[PDB]
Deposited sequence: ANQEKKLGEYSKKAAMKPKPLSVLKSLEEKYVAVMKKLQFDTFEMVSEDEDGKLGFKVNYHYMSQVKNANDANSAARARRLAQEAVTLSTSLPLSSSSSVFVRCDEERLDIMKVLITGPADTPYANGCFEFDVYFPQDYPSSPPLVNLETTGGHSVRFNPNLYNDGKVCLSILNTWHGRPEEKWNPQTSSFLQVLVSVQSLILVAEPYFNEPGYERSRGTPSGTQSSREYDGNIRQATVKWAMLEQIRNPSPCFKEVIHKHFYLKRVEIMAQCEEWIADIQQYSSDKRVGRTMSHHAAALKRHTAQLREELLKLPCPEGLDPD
């Protein structure tokens, strides 16, 4: 007699870490890619130094990720590693509850550069609606992930990439903690002054309304329609298990936005279209096999 959350956690736990054939080596040692990957050029032009210390460190990264990825009904992290290359990864983070990202699936590409761990990993958000969405002050239209731990955002020196003590697990957790938050509007530096003022509250709401509709469209509807081959199973099972919950959430979001304001009406209207298409995908979704 497990709850829905316990059942979800149990199912998703098995899908959190695995390898995938992302690249293949030629006769001429040349890499050919099997999936879409933001850093293909960096991989192809790496002029690989074949550093043993880097290799040992990357395998330490993988070990941590194989056992310690965050997992919960609210928000979970899923990782795929190439079968041979230690520096090529793909991740999926689901959006935390009580945020405009809730239950969306957000895909990132990861590259550990030739000068890792002296320099941080490169992370790019792939779920941008073809660069049409700015998902956060810290998530650019082009996919840039801005965190001080990645040296892509300001902060104190202890908050920067530290080659001795930093890790990729910490970067992943920093995305949940610092980017995929409630009231993302205020992540823009200086905007925090507005917090608690009617002007501030109003701007945050309009911001939330745009992020909500984009989550449903791109982080849900288009993830089901067109999943990454790396995460097809995760997506399928995630949306199937939570389908009732997501329909209630979409309705709640619609109810909430309509309390308000020409642009709120624009958001409410996009959300409604996206929700009705999503309902059709959710119903059409075949039952996944690995349930019990």
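- In this chain, the deposited residues that lack C-alpha positions fall in the ranges 1 to 23, 284 to 289, 322 to 323.
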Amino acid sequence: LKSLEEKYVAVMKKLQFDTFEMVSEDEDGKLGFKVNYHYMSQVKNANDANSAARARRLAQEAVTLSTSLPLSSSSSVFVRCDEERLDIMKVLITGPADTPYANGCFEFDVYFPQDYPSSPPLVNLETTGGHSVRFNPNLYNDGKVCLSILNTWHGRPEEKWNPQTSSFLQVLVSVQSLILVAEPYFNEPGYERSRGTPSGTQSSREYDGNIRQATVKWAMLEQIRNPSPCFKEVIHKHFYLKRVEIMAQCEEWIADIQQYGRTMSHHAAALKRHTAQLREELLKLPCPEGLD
From here on, numbers count along this sequence of modelled residues.
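- Look at the mean CA B-factor for 188 to 196 and for 206 to 214 in the entry; the higher one is 188 to 196.
- Annotation for 159 to 167 versus 134 to 142: the higher mean temperature factor (C-alpha) is found in 159 to 167.
- For the set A62, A248, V43, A49, the PDB entry assigns the largest Cα B-factor to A49.
- The PDB entry gives the largest Cα B-factor of the residues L241, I224, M264, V234 to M264.
- Ranked by C-alpha B-factor against the other modelled residues of its chain, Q16 falls in the lowest third.
- Sort the chain's modelled residues by C-alpha temperature factor and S174 lands in the lowest third, per the entry.
- In the deposited entry, the Cα temperature factor of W253 places it in the middle third of its chain's modelled residues.
- In this PDB entry, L31 carries a Cα temperature factor that places it within the highest third of its chain's modelled residues.
- When the modelled residues of the chain are ordered by their C-alpha B factor, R80 lands in the lowest third.
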